[PDB]
Novice: 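Right, I'll just put the structure down here and ask away after.
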Amino acid sequence: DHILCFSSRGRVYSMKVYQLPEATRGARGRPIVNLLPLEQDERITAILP
DNA sequence: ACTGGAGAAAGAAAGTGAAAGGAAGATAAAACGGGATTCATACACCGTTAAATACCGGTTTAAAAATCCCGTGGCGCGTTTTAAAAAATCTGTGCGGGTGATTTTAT
């Protein structure tokens with residue numbers, strides 16, 4: 001599926017679901033800055049499949 | 001005395017070997033984060049019941065919804081900039097026969 005990410009400054013980004021890290025129940029995850037060109041204080045606040 | 005060639009002195013410009021140092025790299029120790037076990041222990045599922053809550057009938061009333069006039073700033077259009085992505089153009093490289101060349105040790 002496609003994913004539309006809305007940031008805190010009105011920006012929009014597109015990304016496939018299977019490009020996200022896959023982990024287990026006890027893991028933590030990976031920072032999202034490595035996947036999208038965000039700024040120093042820009043956060044994702046909405047997702048639309 | 002005078003002339004013109006030649007050798008030697010003297011002076012100025014260019015090449016040189018050595019120079020801190022600093023950004024630019026490079027290499028180890030450390031702190032970190034993600035799997036295999038091991039249970040005791042707290043959590044999931046099953047019968048019982050007092051109690052707390054949902055629901056119906058009829059008011060009401062104060063609050064929110066609806067309506068009209070108007071005056072603006074927030075979108076819309078047309079025309080420029082400006083990064084960003086794409087297409088086009090150069091740069092190396094190795095295959096196998098040919099031409100010609102380099103270096104270090106012992107006695």
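To find a chain, count down the sequence lines: A is the first, B the second, and so on, and within it residues start at 1. Every heavy atom of this structure was used, including side-chain atoms; hydrogens, water molecules and symmetry mates were not.
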Novice: Just to verify, what does A:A27 make a side-chain contact (heavy atoms from CB on, under 4.5 Å) with, not counting sequence neighbours?
Specialist: A:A23, A:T24
Novice: Filter on salt bridge (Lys or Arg N to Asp or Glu O under 4.0 Å), then keep only pairs touching residues 8-22 of chain A, sequence neighbours left out; what's left?
Specialist: A:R9-A:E39, A:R9-A:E42
Novice: So do the side chains of A:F6 and A:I44 get within less than 4.5 Å of each other, counting heavy atoms only?
Specialist: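 The answer is no; the side chains never approach within 4.5 Å.
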Novice: For the atom pair CG (A:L38) and OH (A:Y13), what is the distance rounded to the nearest 0.5 Å?
Specialist: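 Result: 5.0 Å between the selected atoms.
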Novice: List the residues meeting side-chain contact (heavy atoms from CB on, under 4.5 Å) with A:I3, not counting sequence neighbours, and say none if there are none.
Specialist: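 A:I3: side-chain contact (heavy atoms from CB on, under 4.5 Å) contacts with A:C5, A:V17, A:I47, A:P49.
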Novice: Check side-chain contact (heavy atoms from CB on, under 4.5 Å) between A:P31 and all other residues, then give those that pass, not counting sequence neighbours.
Specialist: A:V33, A:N34
Novice: Kindly give the heavy-atom pair with the smallest separation between A:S7 and A:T45, and that separation in Å.
Specialist: O-CG2, 3.5 Å
Novice: If we only count heavy atoms from C-beta on, is the A:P21 to A:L35 side-chain gap below 4.5 Å?
Specialist: yes
